[PDB]
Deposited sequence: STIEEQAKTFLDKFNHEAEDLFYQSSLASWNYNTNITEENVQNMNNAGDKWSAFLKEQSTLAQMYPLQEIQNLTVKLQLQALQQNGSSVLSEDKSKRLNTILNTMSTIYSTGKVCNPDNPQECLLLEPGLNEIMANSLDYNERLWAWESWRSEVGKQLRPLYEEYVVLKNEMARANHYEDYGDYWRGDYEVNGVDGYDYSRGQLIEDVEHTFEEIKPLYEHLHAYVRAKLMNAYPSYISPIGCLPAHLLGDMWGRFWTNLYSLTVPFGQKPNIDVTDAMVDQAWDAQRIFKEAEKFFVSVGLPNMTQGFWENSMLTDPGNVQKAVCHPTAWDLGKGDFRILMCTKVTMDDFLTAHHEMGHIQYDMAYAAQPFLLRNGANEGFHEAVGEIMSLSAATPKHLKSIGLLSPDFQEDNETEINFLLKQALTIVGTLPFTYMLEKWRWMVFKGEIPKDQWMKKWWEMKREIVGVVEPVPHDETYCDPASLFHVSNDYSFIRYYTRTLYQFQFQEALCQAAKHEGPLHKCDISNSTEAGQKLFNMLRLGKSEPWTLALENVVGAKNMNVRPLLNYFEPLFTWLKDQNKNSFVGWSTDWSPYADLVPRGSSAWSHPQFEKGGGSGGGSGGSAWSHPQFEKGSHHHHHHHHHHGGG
């Protein structure tokens, strides 16, 4: 008879109707991604429109139930989700204009060419695998000046329109809108202000930075062997020489920066081939890994309805390793594997993703997600750390039982990961900090690029090889910017990743250095992780996190400890 009950009833109807419509859309999409043709794209679009129209109508009923006369948090969390208007606050012309801009920007990126070469395959190959200063600079510069340059006029107007809707939904700006994803207000002792994200990110960044400074210095010293006339021993690294188009990852530098290159690293590709492994063996072994720590097996539907192998040249099914959840217990994967270590480890990542999906599957529809945007990848990432551990490879039977793990091998392993983990943190931090200042108009439109360049020099130690005018929009050349995605989840994920691992390694009673940790055959470690996974969004991320790591926030200690054996080694190199 009151709002509490009326809101409850509304959500019950929503969840069941949404449950089926969602499934139809997801399945139609699944079929399309395995059948790139006209028939399938049409069915996908039709099911998609059915779903979107439903949500638009439901959100106008949710408005009848004010949050302030609702006591139960699990109702407000589900109801608030349906009370957001999004862009449906703007006039018909402003709404249509915003959608036009959004679609135009993504189109230019996807169809962008330089001359002709496309970003992928083409320019990415040049940036990733070529020891040629001038060729690398050309690919870098052409992408920025030919494609990303067309999107500033659109980005400038986009920012204004996005702020109008953020205002309408009671946020200061769109940056504030996004930060709201980390708001846990209403739970005493575990509360978190969305504006608090800035303070905590800066705090943990400065504490990690010392590790980055030694990694950066080491890499710089080593890159100067390939680029002795381009890299200054006391300066910033040129962006185009980082092995990427934007300098997001340093993983492609691990051929110049290798600590002990006189010895081979661990690679079980040949062992898998000699032992007659196949796609089924790769996923079956990954399944056993999860079992050994108390996690459930994959469903029969997973094994039957998934794409684990390449269909061939008859069925044009995109293979893009992705974990799928179509709803209603229908778990699947699209991933065409080969007999190699890279897919061995990937299978653990994607299955780790599914293990999370299977945990919060018991939650109400609108709560069937991670407690935090950075939690889903944090979980998938650690699952693969055990798989890559020499101890695991010896036990599984891919490495000789008499295989010795040398000190030189140890350093080689740690650096390879540091270039994926540590060298990427500054990048995520600088981009989100900049965008936040853009949405929250602290930076004038004409100085958007001035501040952006300054930030990389100060924050990540990377410098642009060329000057740029006010007519450019460098960050718009990045997928996540032109396609309106949040990026900070690539910062918080990493910190959560190591906090969880250390807690799990302690639970497993691991003795010795953290990087040698293998939580296989440890029920206790598995229990700690599961307790966090099953919660979904029913609880604050500040509580879900504590359940495993003993902290009510993100930290840096576990990360610094993981690479401690590398840190001391690096000190003696610098």
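Student: Write out the missing regions of the deposited sequence in sequence order, one range per stretch.
Tutor: Gaps in the modelled chain, taken against the deposited sequence, lie at 116 to 122, 582 to 648.
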